[PDB]
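For the sequence shown, the UniProt record's numbering begins at 1 and goes up steadily by one.
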Amino acid sequence: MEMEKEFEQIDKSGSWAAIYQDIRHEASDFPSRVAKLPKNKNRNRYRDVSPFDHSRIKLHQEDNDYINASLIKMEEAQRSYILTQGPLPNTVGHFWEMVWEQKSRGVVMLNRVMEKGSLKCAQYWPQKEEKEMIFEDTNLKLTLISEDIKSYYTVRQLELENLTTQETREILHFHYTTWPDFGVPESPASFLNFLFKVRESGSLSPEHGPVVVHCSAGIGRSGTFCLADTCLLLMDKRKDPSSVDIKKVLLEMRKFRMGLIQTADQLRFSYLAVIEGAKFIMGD
Ligand SMILES: NNC(=O)c1ccccc1OCc1ccccc1
């Protein structure tokens, strides 16, 4: 059923809350035993948001391999994503270790360091060229190379150096800076523009490791980003673009990380970004 018509039918009936609860009820439940070990309590930002054991990213160290991060593997779309929480003061070194080990090209950040007067994630990248960051626990160095500040997002070029081998890589930081403190954006225009800039970079391409995507918990805004991307890529690839069922795509993604899309408003917004993206590829 054309997701456009399904969208008007839900809006006219005001049933967003009822669709959203049906998704929550049918979503997968898998064990997260590593996340709940006592040695990992300070590695988790939220007690109710954990990676499943089957899909968690492992750090390449014998001490403790745990990070709050999940590999989303979309078989039909041939797209992969690492969804993770905003780094904590004691997990900034782990975060950059994961970027290095997974061979990611891009980091996508969908939150501000402070929102609603509280800290949502650590200041985990350098703000001045001449003041680099060293992570002594994981033996990495991170330098700001350049910064391009636009109205709705900032793109940064970073240099990550493995101090053990003296290899360096260029990492692109895509920072969406205008998501509102409450609710969702009124138009998906600036979000959809951001996604297309991420893609243009090569960060979402198979010659690199998976893109790292985060917000504060790594499930809400982060969920919207990967759902929108996968949706639009399937429409490009299938003989019948109207066969793309956003609710079925979201349940497949929830096999890999719990809680993706946190509210009925984010579901509606996810619907709108895809419908608007659809109504733009066609040349509306
Ligand atoms: N940005 N990099 C990636 O998405 C990626 C990273 C590692 C391996 C493959 C990747 O994509 C292609 C692909 C996706 C899902 C299944 C099969 C193949």
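C-beta atoms are modelled at their ideal positions from N, C-alpha and C, and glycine is treated no differently.
Which one of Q9, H54 and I275 has the shortest CA to CA distance from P31? Reading the sequence shown from its first residue, position 31 is the one you call residue 31. Nearest C-alpha to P31: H54.
For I149, the residue or residues it bridges with in DSSP: By one-based count along the sequence shown, residue 149 stands at place 149. For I149, the beta-bridge partners assigned by DSSP are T154.
Does the distance between the C-beta of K58 and the nearest non-hydrogen atom of ligand 1 fall short of 7 Å? The residue you call residue 58 lines up with position 58 of the sequence shown. Because no heavy atom of ligand 1 lies under 7 Å away, the Cβ of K58 does not count as near it: no.
Return yes when at least one heavy atom of ligand 2 lies under 7 Å from the C-beta of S80, else no. As for ligand 2, it is missing from this structure, which binds only ligand 1.
Taking a contact to mean a Cβ-Cβ separation below 8 Å, would you say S104 touches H175 in this structure? The residue you call residue 104 lines up with position 104 of the sequence shown. The residue you call residue 175 lines up with position 175 of the sequence shown. Taking 8 Å as the cut-off, the beta carbon of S104 is found no closer than this to the beta carbon of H175.
Following the continuous alpha helix (DSSP H) through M98, name the residue where it begins and the one where it ends. Sequence index remark: in the sequence shown, residue 98 carries index 98 (1-based). Its alpha helix (DSSP H) spans residues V92 to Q102.
Can you give me the start and stop residues for the beta strand (DSSP E) that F135 sits inside? Counting from 1 along the sequence shown, the entry for residue 135 is found at position 135. From DSSP, the beta strand (DSSP E) with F135 extends over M133 to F135.
Cα separation between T143 and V92? Taking the first residue of the sequence shown as 1, we reach residue 143 at position 143. Taking the first residue of the sequence shown as 1, we reach residue 92 at position 92. Each residue's Cα considered, the two are about 14 Å apart.
Identify, in the order they occur along the chain, each residue of the same chain with its Cβ nearer than 8 Å to the Cβ of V99, setting aside the five sequence neighbours on each side. Residue 99 sits at position 99 when you count from the first residue of the sequence shown. Around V99: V107, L160, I171 and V212.
Return the CA-CA distance between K239 and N64, expressed in angstroms with no decimal places. One-based indexing of the sequence shown puts residue 239 at position 239. One-based indexing of the sequence shown puts residue 64 at position 64. Using only the alpha carbons, I get a separation of about 46 Å.
With DSSP as the reference, label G220 as helix, strand or coil. Counted from its first residue, the sequence shown places residue 220 at position 220. DSSP places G220 outside both helix and strand once states are collapsed to three, so it counts as coil.
For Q266, which residues in the same chain have their Cβ closer than 8 Å to its Cβ, ignoring the five residues on either side in sequence? Looking up residue 266 in the sequence shown gives position 266. Same-chain partners within the cutoff: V184, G220, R221, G223 and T224.
Proximity below 8 Å, CB of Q102 to CB of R45: The sequence position of residue 102 within the sequence shown is 102, counting from 1. The sequence position of residue 45 within the sequence shown is 45, counting from 1. No, Cβ-Cβ distance for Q102 and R45 is not below 8 Å.
Is the CB-CB distance between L250 and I23 below 8 Å? Indexing the sequence shown from 1 puts residue 250 at position 250. Indexing the sequence shown from 1 puts residue 23 at position 23. Cβ distance < 8 Å, so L250 and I23 count as in contact.
Check whether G283 and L192 have beta carbons under 8 Å apart: Numbered from its first residue, the sequence shown carries residue 283 at position 283. Numbered from its first residue, the sequence shown carries residue 192 at position 192. Cβ distance not < 8 Å, so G283 and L192 don't count as in contact.
Let me know the alpha helix (DSSP H) ranges lying completely inside the segment 202–262, each 4 residues or longer, listed in chain order. DSSP runs (the alpha helix (DSSP H)) wholly in the segment 202–262: 221–237 and 246–253.
Helix, strand or coil for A69 per DSSP? In the sequence shown, the residue the question calls residue 69 occupies position 69. In the three-state DSSP reduction, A69 falls in the strand class (E or B).
With distances taken from CA atoms, which of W16, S80, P180 and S205 is nearest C215? Numbered from 1 along the sequence shown, position 215 holds the residue referred to as residue 215. The shortest C-alpha separation from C215 is found at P180.
Using the DSSP secondary-structure output, state which residues sit across from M1 in a beta bridge. As a position in the sequence shown, residue 1 is number 1, starting the count at 1. DSSP lists no partner for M1.
Threshold first: 4 residues or longer. Then list the alpha helix (DSSP H) segments lying entirely within the segment 4–73, N to C. DSSP runs (the alpha helix (DSSP H)) wholly in the segment 4–73: 16–26.
I need the boundaries of the alpha helix (DSSP H) containing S190, first residue and last residue. To locate residue 190, count along the sequence shown from 1; it is residue 190. Following the DSSP letters along the chain, one finds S190 inside the alpha helix (DSSP H) bounded by residues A189 to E200.
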